[PDB]
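Engineer: Input target_30.cif, format and content: mmCIF, C-alpha atoms and all ligand atoms; chains and numbers go by the auth columns.
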```
data_structure
loop_
_atom_site.group_PDB
_atom_site.id
_atom_site.type_symbol
_atom_site.label_atom_id
_atom_site.label_comp_id
_atom_site.label_asym_id
_atom_site.label_seq_id
_atom_site.Cartn_x
_atom_site.Cartn_y
_atom_site.Cartn_z
_atom_site.B_iso_or_equiv
_atom_site.auth_seq_id
_atom_site.auth_asym_id
ATOM 1 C CA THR A 1 183.537 -97.802 5.050 0.00 1 A
ATOM 2 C CA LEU A 2 185.898 -94.983 4.084 0.00 2 A
ATOM 3 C CA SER A 3 187.199 -92.946 7.001 0.00 3 A
ATOM 4 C CA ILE A 4 189.751 -90.246 7.690 0.00 4 A
ATOM 5 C CA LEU A 5 192.185 -90.905 10.532 0.00 5 A
ATOM 6 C CA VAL A 6 194.171 -87.877 11.656 0.00 6 A
ATOM 7 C CA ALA A 7 195.679 -85.928 14.534 0.00 7 A
ATOM 8 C CA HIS A 8 195.658 -82.141 14.217 0.00 8 A
ATOM 9 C CA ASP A 9 196.303 -79.330 16.673 0.00 9 A
ATOM 10 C CA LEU A 10 194.202 -76.280 17.580 0.00 10 A
ATOM 11 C CA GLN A 11 195.180 -74.663 14.289 0.00 11 A
ATOM 12 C CA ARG A 12 194.907 -77.860 12.228 0.00 12 A
ATOM 13 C CA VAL A 13 198.662 -78.436 12.011 0.00 13 A
ATOM 14 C CA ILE A 14 199.352 -82.098 11.266 0.00 14 A
ATOM 15 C CA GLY A 15 203.066 -82.103 10.499 0.00 15 A
ATOM 16 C CA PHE A 16 206.445 -80.412 10.442 0.00 16 A
ATOM 17 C CA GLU A 17 209.422 -81.414 8.311 0.00 17 A
ATOM 18 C CA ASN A 18 207.801 -84.752 7.449 0.00 18 A
ATOM 19 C CA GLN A 19 207.288 -85.681 11.111 0.00 19 A
ATOM 20 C CA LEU A 20 204.476 -85.450 13.647 0.00 20 A
ATOM 21 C CA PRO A 21 205.131 -82.248 15.620 0.00 21 A
ATOM 22 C CA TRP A 22 204.174 -83.876 18.941 0.00 22 A
ATOM 23 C CA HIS A 23 205.250 -86.863 20.986 0.00 23 A
ATOM 24 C CA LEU A 24 202.060 -88.606 22.084 0.00 24 A
ATOM 25 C CA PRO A 25 202.250 -92.418 22.415 0.00 25 A
ATOM 26 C CA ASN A 26 198.564 -92.721 23.355 0.00 26 A
ATOM 27 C CA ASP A 27 197.482 -91.370 19.969 0.00 27 A
ATOM 28 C CA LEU A 28 199.594 -93.916 18.123 0.00 28 A
ATOM 29 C CA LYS A 29 197.992 -96.602 20.301 0.00 29 A
ATOM 30 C CA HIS A 30 194.622 -95.120 19.322 0.00 30 A
ATOM 31 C CA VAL A 31 195.637 -95.386 15.670 0.00 31 A
ATOM 32 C CA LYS A 32 196.776 -98.981 16.167 0.00 32 A
ATOM 33 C CA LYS A 33 193.527 -99.981 17.858 0.00 33 A
ATOM 34 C CA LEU A 34 191.323 -98.425 15.180 0.00 34 A
ATOM 35 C CA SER A 35 193.195 -99.719 12.137 0.00 35 A
ATOM 36 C CA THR A 36 194.442 -103.196 13.080 0.00 36 A
ATOM 37 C CA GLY A 37 192.971 -105.757 10.700 0.00 37 A
ATOM 38 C CA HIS A 38 191.890 -103.036 8.278 0.00 38 A
ATOM 39 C CA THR A 39 193.452 -100.873 5.551 0.00 39 A
ATOM 40 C CA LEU A 40 195.538 -97.699 5.606 0.00 40 A
ATOM 41 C CA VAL A 41 195.835 -95.479 2.529 0.00 41 A
ATOM 42 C CA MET A 42 198.636 -92.918 2.693 0.00 42 A
ATOM 43 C CA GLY A 43 200.581 -90.575 0.432 0.00 43 A
ATOM 44 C CA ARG A 44 204.166 -91.411 -0.461 0.00 44 A
ATOM 45 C CA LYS A 45 205.694 -88.820 1.911 0.00 45 A
ATOM 46 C CA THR A 46 203.688 -90.092 4.854 0.00 46 A
ATOM 47 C CA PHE A 47 204.932 -93.609 4.096 0.00 47 A
ATOM 48 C CA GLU A 48 208.580 -92.581 3.779 0.00 48 A
ATOM 49 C CA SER A 49 208.244 -90.770 7.107 0.00 49 A
ATOM 50 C CA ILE A 50 207.051 -93.889 8.920 0.00 50 A
ATOM 51 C CA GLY A 51 209.768 -95.850 7.101 0.00 51 A
ATOM 52 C CA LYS A 52 208.071 -99.239 6.824 0.00 52 A
ATOM 53 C CA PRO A 53 204.603 -100.793 6.710 0.00 53 A
ATOM 54 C CA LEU A 54 202.723 -100.981 10.007 0.00 54 A
ATOM 55 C CA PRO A 55 202.185 -104.634 10.995 0.00 55 A
ATOM 56 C CA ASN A 56 198.806 -106.400 11.043 0.00 56 A
ATOM 57 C CA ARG A 57 196.858 -104.379 8.504 0.00 57 A
ATOM 58 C CA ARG A 58 197.029 -103.601 4.803 0.00 58 A
ATOM 59 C CA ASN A 59 199.387 -100.746 3.914 0.00 59 A
ATOM 60 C CA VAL A 60 198.487 -98.969 0.685 0.00 60 A
ATOM 61 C CA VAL A 61 200.645 -96.168 -0.710 0.00 61 A
ATOM 62 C CA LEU A 62 199.466 -93.625 -3.271 0.00 62 A
ATOM 63 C CA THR A 63 202.252 -92.386 -5.542 0.00 63 A
ATOM 64 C CA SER A 64 202.866 -91.503 -9.187 0.00 64 A
ATOM 65 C CA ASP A 65 206.126 -93.465 -9.001 0.00 65 A
ATOM 66 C CA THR A 66 205.640 -96.544 -11.183 0.00 66 A
ATOM 67 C CA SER A 67 208.944 -97.942 -9.866 0.00 67 A
ATOM 68 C CA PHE A 68 207.648 -97.843 -6.300 0.00 68 A
ATOM 69 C CA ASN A 69 207.922 -101.289 -4.782 0.00 69 A
ATOM 70 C CA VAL A 70 208.139 -102.045 -1.086 0.00 70 A
ATOM 71 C CA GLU A 71 207.776 -105.470 0.497 0.00 71 A
ATOM 72 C CA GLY A 72 204.597 -105.465 2.577 0.00 72 A
ATOM 73 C CA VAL A 73 203.185 -102.444 0.792 0.00 73 A
ATOM 74 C CA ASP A 74 200.515 -102.332 -1.885 0.00 74 A
ATOM 75 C CA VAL A 75 200.776 -99.443 -4.328 0.00 75 A
ATOM 76 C CA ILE A 76 198.062 -97.457 -6.082 0.00 76 A
ATOM 77 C CA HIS A 77 198.486 -94.661 -8.634 0.00 77 A
ATOM 78 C CA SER A 78 195.195 -92.759 -8.533 0.00 78 A
ATOM 79 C CA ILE A 79 192.556 -91.640 -6.044 0.00 79 A
ATOM 80 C CA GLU A 80 189.939 -93.656 -7.928 0.00 80 A
ATOM 81 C CA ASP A 81 191.894 -96.767 -6.920 0.00 81 A
ATOM 82 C CA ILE A 82 190.905 -96.150 -3.294 0.00 82 A
ATOM 83 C CA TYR A 83 187.275 -97.029 -4.001 0.00 83 A
ATOM 84 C CA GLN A 84 188.238 -100.540 -5.167 0.00 84 A
ATOM 85 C CA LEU A 85 189.813 -101.382 -1.807 0.00 85 A
ATOM 86 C CA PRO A 86 187.686 -103.898 0.154 0.00 86 A
ATOM 87 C CA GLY A 87 186.714 -103.515 3.811 0.00 87 A
ATOM 88 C CA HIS A 88 187.206 -100.593 6.175 0.00 88 A
ATOM 89 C CA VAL A 89 189.684 -98.144 4.645 0.00 89 A
ATOM 90 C CA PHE A 90 191.317 -95.323 6.603 0.00 90 A
ATOM 91 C CA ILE A 91 192.778 -92.299 4.845 0.00 91 A
ATOM 92 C CA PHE A 92 196.004 -92.060 6.834 0.00 92 A
ATOM 93 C CA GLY A 93 197.575 -88.844 5.483 0.00 93 A
ATOM 94 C CA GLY A 94 199.143 -86.625 4.662 0.00 94 A
ATOM 95 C CA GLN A 95 197.954 -83.096 3.846 0.00 95 A
ATOM 96 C CA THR A 96 197.536 -83.904 0.154 0.00 96 A
ATOM 97 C CA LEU A 97 195.470 -87.056 0.747 0.00 97 A
ATOM 98 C CA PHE A 98 193.264 -85.307 3.315 0.00 98 A
ATOM 99 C CA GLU A 99 192.570 -82.429 0.913 0.00 99 A
ATOM 100 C CA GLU A 100 191.722 -84.886 -1.857 0.00 100 A
ATOM 101 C CA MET A 101 189.488 -87.058 0.339 0.00 101 A
ATOM 102 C CA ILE A 102 187.794 -84.893 2.977 0.00 102 A
ATOM 103 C CA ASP A 103 184.719 -84.314 0.772 0.00 103 A
ATOM 104 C CA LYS A 104 184.495 -88.038 -0.006 0.00 104 A
ATOM 105 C CA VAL A 105 184.768 -89.872 3.320 0.00 105 A
ATOM 106 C CA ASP A 106 181.874 -91.236 5.399 0.00 106 A
ATOM 107 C CA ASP A 107 183.393 -90.222 8.714 0.00 107 A
ATOM 108 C CA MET A 108 186.531 -89.044 10.484 0.00 108 A
ATOM 109 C CA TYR A 109 188.472 -90.225 13.517 0.00 109 A
ATOM 110 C CA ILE A 110 190.195 -87.048 14.664 0.00 110 A
ATOM 111 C CA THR A 111 192.541 -86.616 17.587 0.00 111 A
ATOM 112 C CA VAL A 112 192.492 -82.939 18.492 0.00 112 A
ATOM 113 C CA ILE A 113 195.840 -82.064 20.061 0.00 113 A
ATOM 114 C CA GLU A 114 194.919 -79.223 22.410 0.00 114 A
ATOM 115 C CA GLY A 115 197.984 -77.103 21.703 0.00 115 A
ATOM 116 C CA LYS A 116 199.671 -74.882 19.149 0.00 116 A
ATOM 117 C CA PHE A 117 202.665 -76.346 17.328 0.00 117 A
ATOM 118 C CA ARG A 118 204.860 -75.026 14.532 0.00 118 A
ATOM 119 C CA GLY A 119 203.714 -76.779 11.361 0.00 119 A
ATOM 120 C CA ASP A 120 204.304 -76.870 7.624 0.00 120 A
ATOM 121 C CA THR A 121 201.354 -79.112 6.773 0.00 121 A
ATOM 122 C CA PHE A 122 197.677 -78.837 7.702 0.00 122 A
ATOM 123 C CA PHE A 123 194.355 -80.645 7.752 0.00 123 A
ATOM 124 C CA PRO A 124 191.775 -78.834 5.588 0.00 124 A
ATOM 125 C CA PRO A 125 189.283 -76.557 7.367 0.00 125 A
ATOM 126 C CA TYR A 126 185.910 -78.119 8.197 0.00 126 A
ATOM 127 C CA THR A 127 182.884 -77.062 10.232 0.00 127 A
ATOM 128 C CA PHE A 128 180.920 -78.932 12.907 0.00 128 A
ATOM 129 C CA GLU A 129 177.873 -77.616 11.050 0.00 129 A
ATOM 130 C CA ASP A 130 178.598 -80.407 8.567 0.00 130 A
ATOM 131 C CA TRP A 131 179.663 -83.084 11.065 0.00 131 A
ATOM 132 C CA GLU A 132 177.882 -84.860 13.916 0.00 132 A
ATOM 133 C CA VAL A 133 179.945 -85.718 16.987 0.00 133 A
ATOM 134 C CA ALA A 134 179.331 -89.468 17.320 0.00 134 A
ATOM 135 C CA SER A 135 181.706 -89.434 20.265 0.00 135 A
ATOM 136 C CA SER A 136 184.174 -87.194 22.063 0.00 136 A
ATOM 137 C CA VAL A 137 186.540 -88.727 24.592 0.00 137 A
ATOM 138 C CA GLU A 138 189.275 -86.909 26.498 0.00 138 A
ATOM 139 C CA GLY A 139 192.646 -88.631 26.287 0.00 139 A
ATOM 140 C CA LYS A 140 194.218 -89.450 29.641 0.00 140 A
ATOM 141 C CA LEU A 141 197.332 -87.534 30.665 0.00 141 A
ATOM 142 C CA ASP A 142 200.343 -89.067 32.341 0.00 142 A
ATOM 143 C CA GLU A 143 204.131 -89.416 32.384 0.00 143 A
ATOM 144 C CA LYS A 144 204.511 -90.301 28.700 0.00 144 A
ATOM 145 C CA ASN A 145 201.461 -88.359 27.461 0.00 145 A
ATOM 146 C CA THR A 146 201.619 -84.745 28.532 0.00 146 A
ATOM 147 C CA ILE A 147 199.641 -82.902 25.848 0.00 147 A
ATOM 148 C CA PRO A 148 195.886 -82.613 26.376 0.00 148 A
ATOM 149 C CA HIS A 149 194.054 -84.321 23.525 0.00 149 A
ATOM 150 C CA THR A 150 190.552 -85.336 22.525 0.00 150 A
ATOM 151 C CA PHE A 151 189.426 -88.288 20.427 0.00 151 A
ATOM 152 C CA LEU A 152 186.558 -87.288 18.126 0.00 152 A
ATOM 153 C CA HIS A 153 184.503 -89.545 15.905 0.00 153 A
ATOM 154 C CA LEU A 154 182.696 -87.321 13.398 0.00 154 A
ATOM 155 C CA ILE A 155 180.037 -88.459 10.965 0.00 155 A
ATOM 156 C CA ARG A 156 178.995 -86.430 7.938 0.00 156 A
ATOM 157 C CA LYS A 157 175.558 -84.891 8.416 0.00 157 A
ATOM 158 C CA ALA A 158 172.846 -85.580 5.864 0.00 158 A
ATOM 159 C CA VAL A 159 171.269 -82.518 4.250 0.00 159 A
ATOM 160 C CA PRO A 160 167.485 -82.927 4.420 0.00 160 A
ATOM 161 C CA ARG A 161 164.255 -81.065 3.508 0.00 161 A
HETATM 162 N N1 LIG B . 198.957 -85.681 12.269 0.00 201 B
HETATM 163 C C1 LIG B . 198.392 -86.669 11.403 0.00 201 B
HETATM 164 O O1 LIG B . 197.416 -87.321 11.706 0.00 201 B
HETATM 165 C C2 LIG B . 199.116 -87.002 10.167 0.00 201 B
HETATM 166 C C3 LIG B . 198.564 -88.030 9.156 0.00 201 B
HETATM 167 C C4 LIG B . 199.680 -88.562 8.223 0.00 201 B
HETATM 168 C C5 LIG B . 200.902 -87.686 7.912 0.00 201 B
HETATM 169 N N2 LIG B . 201.189 -86.542 8.732 0.00 201 B
HETATM 170 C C6 LIG B . 202.127 -85.682 8.080 0.00 201 B
HETATM 171 O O2 LIG B . 201.690 -84.988 6.868 0.00 201 B
HETATM 172 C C7 LIG B . 202.902 -84.460 6.209 0.00 201 B
HETATM 173 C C8 LIG B . 203.040 -84.719 4.728 0.00 201 B
HETATM 174 O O3 LIG B . 201.898 -84.524 3.937 0.00 201 B
HETATM 175 P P1 LIG B . 202.141 -84.262 2.392 0.00 201 B
HETATM 176 O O4 LIG B . 200.925 -83.684 1.729 0.00 201 B
HETATM 177 O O5 LIG B . 203.337 -83.269 2.289 0.00 201 B
HETATM 178 O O6 LIG B . 202.562 -85.623 1.695 0.00 201 B
HETATM 179 P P2 LIG B . 201.651 -86.922 1.598 0.00 201 B
HETATM 180 O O7 LIG B . 200.152 -86.576 1.423 0.00 201 B
HETATM 181 O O8 LIG B . 201.891 -87.864 2.749 0.00 201 B
HETATM 182 O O9 LIG B . 202.093 -87.651 0.290 0.00 201 B
HETATM 183 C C9 LIG B . 202.509 -86.868 -0.786 0.00 201 B
HETATM 184 C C10 LIG B . 202.521 -87.660 -2.057 0.00 201 B
HETATM 185 O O10 LIG B . 201.445 -88.668 -2.253 0.00 201 B
HETATM 186 C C11 LIG B . 201.190 -88.555 -3.709 0.00 201 B
HETATM 187 N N3 LIG B . 199.844 -88.433 -4.161 0.00 201 B
HETATM 188 C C12 LIG B . 198.906 -87.713 -3.545 0.00 201 B
HETATM 189 N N4 LIG B . 197.757 -87.720 -4.387 0.00 201 B
HETATM 190 C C13 LIG B . 198.066 -88.454 -5.532 0.00 201 B
HETATM 191 C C14 LIG B . 197.309 -88.774 -6.666 0.00 201 B
HETATM 192 N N5 LIG B . 195.962 -88.299 -6.772 0.00 201 B
HETATM 193 N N6 LIG B . 197.851 -89.510 -7.631 0.00 201 B
HETATM 194 C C15 LIG B . 199.143 -89.955 -7.531 0.00 201 B
HETATM 195 N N7 LIG B . 199.898 -89.642 -6.404 0.00 201 B
HETATM 196 C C16 LIG B . 199.337 -88.900 -5.432 0.00 201 B
HETATM 197 C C17 LIG B . 202.547 -88.195 -4.278 0.00 201 B
HETATM 198 O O11 LIG B . 203.542 -89.132 -4.357 0.00 201 B
HETATM 199 P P3 LIG B . 204.640 -88.979 -5.473 0.00 201 B
HETATM 200 O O12 LIG B . 205.303 -87.574 -5.345 0.00 201 B
HETATM 201 O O13 LIG B . 205.669 -90.110 -5.213 0.00 201 B
HETATM 202 O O14 LIG B . 203.968 -89.106 -6.816 0.00 201 B
HETATM 203 C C18 LIG B . 202.752 -87.030 -3.403 0.00 201 B
HETATM 204 O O15 LIG B . 203.761 -86.132 -3.632 0.00 201 B
HETATM 205 C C19 LIG B . 204.071 -84.705 7.162 0.00 201 B
HETATM 206 O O16 LIG B . 204.707 -83.639 7.763 0.00 201 B
HETATM 207 C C20 LIG B . 203.632 -85.798 8.077 0.00 201 B
HETATM 208 O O17 LIG B . 204.255 -85.956 9.291 0.00 201 B
HETATM 209 C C21 LIG B . 200.410 -86.239 9.913 0.00 201 B
HETATM 210 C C1 LIG B . 201.312 -98.335 19.597 0.00 202 B
HETATM 211 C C2 LIG B . 202.221 -98.641 18.458 0.00 202 B
HETATM 212 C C3 LIG B . 202.412 -97.585 17.430 0.00 202 B
HETATM 213 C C4 LIG B . 202.286 -97.964 15.994 0.00 202 B
HETATM 214 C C5 LIG B . 201.854 -99.375 15.585 0.00 202 B
HETATM 215 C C6 LIG B . 202.683 -100.560 15.926 0.00 202 B
HETATM 216 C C7 LIG B . 202.279 -101.800 15.536 0.00 202 B
HETATM 217 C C8 LIG B . 201.090 -101.956 14.805 0.00 202 B
HETATM 218 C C9 LIG B . 200.296 -100.811 14.474 0.00 202 B
HETATM 219 C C10 LIG B . 200.706 -99.525 14.882 0.00 202 B
HETATM 220 C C11 LIG B . 199.878 -98.303 14.550 0.00 202 B
HETATM 221 N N1 LIG B . 200.696 -97.152 14.172 0.00 202 B
HETATM 222 N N2 LIG B . 201.899 -96.960 14.993 0.00 202 B
HETATM 223 C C12 LIG B . 202.825 -95.931 14.632 0.00 202 B
HETATM 224 O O1 LIG B . 203.918 -95.873 15.179 0.00 202 B
HETATM 225 C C13 LIG B . 202.460 -94.929 13.585 0.00 202 B
HETATM 226 C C14 LIG B . 202.957 -93.662 13.681 0.00 202 B
HETATM 227 C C15 LIG B . 202.573 -92.570 12.727 0.00 202 B
HETATM 228 C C16 LIG B . 201.234 -92.328 12.337 0.00 202 B
HETATM 229 C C17 LIG B . 200.934 -91.233 11.441 0.00 202 B
HETATM 230 C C18 LIG B . 199.536 -90.961 10.982 0.00 202 B
HETATM 231 C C19 LIG B . 198.561 -90.603 12.061 0.00 202 B
HETATM 232 C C20 LIG B . 198.959 -90.393 13.366 0.00 202 B
HETATM 233 N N3 LIG B . 198.020 -90.113 14.337 0.00 202 B
HETATM 234 C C21 LIG B . 196.682 -90.051 14.015 0.00 202 B
HETATM 235 N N4 LIG B . 195.690 -89.815 15.012 0.00 202 B
HETATM 236 N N5 LIG B . 196.291 -90.248 12.758 0.00 202 B
HETATM 237 C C22 LIG B . 197.253 -90.528 11.755 0.00 202 B
HETATM 238 N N6 LIG B . 196.792 -90.724 10.421 0.00 202 B
HETATM 239 C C23 LIG B . 201.990 -90.424 10.949 0.00 202 B
HETATM 240 C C24 LIG B . 203.281 -90.663 11.331 0.00 202 B
HETATM 241 O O2 LIG B . 204.342 -89.909 10.882 0.00 202 B
HETATM 242 C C25 LIG B . 204.138 -88.821 10.058 0.00 202 B
HETATM 243 C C26 LIG B . 203.576 -91.774 12.255 0.00 202 B
HETATM 244 O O3 LIG B . 204.875 -91.984 12.633 0.00 202 B
HETATM 245 C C27 LIG B . 205.315 -91.450 13.823 0.00 202 B
#
```
What does the file become when written as structure tokens?
Structural biologist:
Amino acid sequence: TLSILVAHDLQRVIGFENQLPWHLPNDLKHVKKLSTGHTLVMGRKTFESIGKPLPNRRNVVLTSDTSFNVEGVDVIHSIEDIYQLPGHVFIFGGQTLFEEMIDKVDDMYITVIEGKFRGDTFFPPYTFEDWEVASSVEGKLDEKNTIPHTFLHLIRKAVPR
């Protein structure tokens, strides 16, 4: 399976100055739960932002840098390399990867952050006309998680007739 994994706000902002614009621990727990034991594919900037590989799953970084070498990270140099990756693969970001992959993935795990943040990077537009809502679950609010948010699992609709 090839899936997108992303958090975007009401205007599809996903990032600002190479960081997530929001502080929302529950979404990172969501990410952890979904991707543990599987594979993350991310652009070089997204990797450098996180700073190191995330434990207990395969970290794959897409970059044109042939000198790129990071312990615990596997490197690829073209989109076509993604399709050779075994198992469940999650497109992890950032803007560039999402734009390149949104027309190619089976499904998307989207956390909608129900707010409006200042951003400099965005998820591509999409329409629910193309995507079935396999599930929609409101995130729980509390002390450490103060921004309303919704976990969507979207599956690409088949065009029939
Ligand atoms: N909210 C979310 O869910 C979420 C998801 C992840 C990241 N973010 C964010 O997204 C932002 C950054 O996105 P971004 O687009 O600027 O950077 P990015 O997608 O993370 O990575 C950019 C880079 O990946 C490369 N790359 C992409 N396609 C390639 C290809 N076909 N062949 C070879 N290399 C390729 C390049 O590396 P080289 O330049 O080294 O060649 C490139 O400059 C940040 O602000 C960050 O916080 C948010
Ligand atoms: C609960 C522990 C948190 C932790 C972790 C620890 C150990 C093992 C696995 C993981 C799983 N990922 N974890 C992270 O800190 C990742 C954070 C992160 C992520 C994303 C991507 C992302 C963000 N959000 C969404 N929905 N899609 C996404 N694709 C982007 C980031 O910066 C730009 C991140 O850094 C803040």
Engineer: Report as a ChimeraX atom specification the full result of the PyMOL selection byres (((not hetatm)) within 6 of (chain B and resi 202)) when it is applied to this structure.
Structural biologist: /A:5-7,19-20,27-29,31-32,46,49-50,54-55,92-93,111
Engineer: For this file, the PyMOL selection byres (((not hetatm)) within 8 of (chain B and resi 201)) selects which residues, as a PyMOL selection string?
Structural biologist: chain A and resi 5-8+13-21+42-47+49+61-65+76-79+92-98+100+110-111+119-122
Engineer: Between CA of residue 91 (chain A) and CA of residue 138 (chain A), what is the spacing in Å?
Structural biologist: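 That distance, rounded to one decimal, is 22.6 Å.
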Engineer: Please report the interatomic distance between CA of residue 81 (chain A) and CA of residue 69 (chain A) in Å with one decimal.
Structural biologist: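 Distance reported for this atom pair: 16.8 Å.
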Engineer: Given the choices A:155, A:161, A:4, A:144, which gets closest to residue 25 (chain A) if the distance is worked out from all atoms listed in the file?
Structural biologist: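 Checking each of A:155, A:161, A:4, A:144 against residue 25 (chain A), counting all atoms listed in the file, the winner is A:144.
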Engineer: So that all listed atoms of region 126-131 of chain A fit with 4 Å spare on each side, what axis-aligned box centre and edge lengths in Å, to one decimal, would you give as JSON?
Structural biologist:
```
{"center_x": 181.9, "center_y": -80.1, "center_z": 10.6, "size_x": 16.0, "size_y": 14.0, "size_z": 12.7}
```
Engineer: Just say which residues the PyMOL selection byres (((chain A and resi 59) around 8) and not hetatm) picks in this file, as a compact mmCIF listing (two decimals) with C-alpha atoms, in the frame of the given file.
Structural biologist:
```txt
# COMPACT_ATOMS: atom_id res chain seq x y z
CA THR A 39 193.45 -100.87 5.55
CA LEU A 40 195.54 -97.70 5.61
CA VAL A 41 195.84 -95.48 2.53
CA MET A 42 198.64 -92.92 2.69
CA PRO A 53 204.60 -100.79 6.71
CA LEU A 54 202.72 -100.98 10.01
CA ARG A 57 196.86 -104.38 8.50
CA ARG A 58 197.03 -103.60 4.80
CA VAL A 60 198.49 -98.97 0.68
CA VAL A 61 200.64 -96.17 -0.71
CA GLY A 72 204.60 -105.46 2.58
CA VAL A 73 203.18 -102.44 0.79
CA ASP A 74 200.52 -102.33 -1.88
```
